[PDB]
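Taking the form deposited in one PDB entry, here's one chain by itself in structure tokens.
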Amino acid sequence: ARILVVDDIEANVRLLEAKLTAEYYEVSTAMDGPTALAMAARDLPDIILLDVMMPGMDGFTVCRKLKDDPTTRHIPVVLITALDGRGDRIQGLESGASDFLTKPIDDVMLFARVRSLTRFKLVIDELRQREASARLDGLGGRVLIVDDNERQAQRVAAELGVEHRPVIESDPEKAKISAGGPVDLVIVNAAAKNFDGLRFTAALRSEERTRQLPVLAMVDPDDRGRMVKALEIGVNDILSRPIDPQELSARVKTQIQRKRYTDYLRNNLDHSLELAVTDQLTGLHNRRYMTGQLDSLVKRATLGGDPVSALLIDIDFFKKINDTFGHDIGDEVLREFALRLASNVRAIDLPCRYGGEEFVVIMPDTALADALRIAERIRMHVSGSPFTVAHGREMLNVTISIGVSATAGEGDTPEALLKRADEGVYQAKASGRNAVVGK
């Protein structure tokens, strides 16, 4: 993940760059507003860490200008404030900040925030891609406060009561049940007295029903060990006590919006028919699945290595099957054909349904010479045995034409590889039927 760090003092920038690079992050740096705005639009980073106090262009202005640009509006921005930054955080939210860090930088809080917002960036990126080809803000959620400190829980619920729908639970047993219902966020007190909030959190993560339910832990800043333990158990992010209203607002909004993005992408859009990856008739994968996998396969082959082979199989005279036996028997033949095809090719290969009665087999780490002999093996297994249909009442023979291609070259592309296999099929169809042709 790529992080942009912005601070007027070079020593602050180098210190953060060293810490983040040690944790396997790709870090760029800027030391004033104009350069940071130019870098963000040019490089399009994943997260921006931004100091609020800089000469000339303050961080608030940089944040506002990042949200004005439509190409950088989606990039999470973290504002680094000072100890007493209540006013800064208030103006930070108005400027459009995602969350906050306070200096001097606490390493646990630093990486906790980065890890949370990088995961959010992943769903942000995915949602934008699908939108290019439903409540999606972070407000109005049911937030479950699990805490035995009444004064604290009531204060948290009051702060959350204007933007969300808060609910308090002192008993952990009742909280487990409520947490299994329509709950958007759980705020648990790590420093609880009558129950182990960390044990409670671990119970949530063990059950599949609640394994991905967002959890925020209220932690004591003196006890660093409990902070690390909570993050290890699987808490999404932590809130230092006493609870800051602006930090509470930001962190809750991030978790609820991340949840809604994920559920919308997985429950609605993934189950839609335009984005499906498996053919319902044959049970094989479709072209959408194949294209994604073939992209990486061809890219690796172009760098020098074992090539990728492609088999395009087309059933000969499939109309006649539908005309003589009916469309339902035709569907029986396609299902039985798909079973035979997958059974006689490696599970590491990609036998997919390419067209209506056309199939594709992508064979990684395979050369053209072998692919031609493999196509011959496939043809003999599907054409050598008859297809029994109509609950055993009818027997039918089938023949197929195959076109074969392999990825040889530095600038080869998935489209060129398949276009070369198409020609194989068209030439195999022209010169009779039941043949293999390699181009």
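From 1 onward, residues are counted along the sequence shown.
Unshown form deposited in another entry; subsequent notes refer to it.
Each of 73, 232, 271, 107 but one sits over 12 positions from any hinge; the one at the hinge between the rigid parts between this form and the one not shown is 271. Annotation: residue 127/residue 287 CA-CA distance longer in that other deposited form than in the displayed model, change of at least 3 Å. In comparison with the shown form, the Cα-Cα distance of residue 184 and residue 276 decreases by at least 3 angstroms in that other deposited form.
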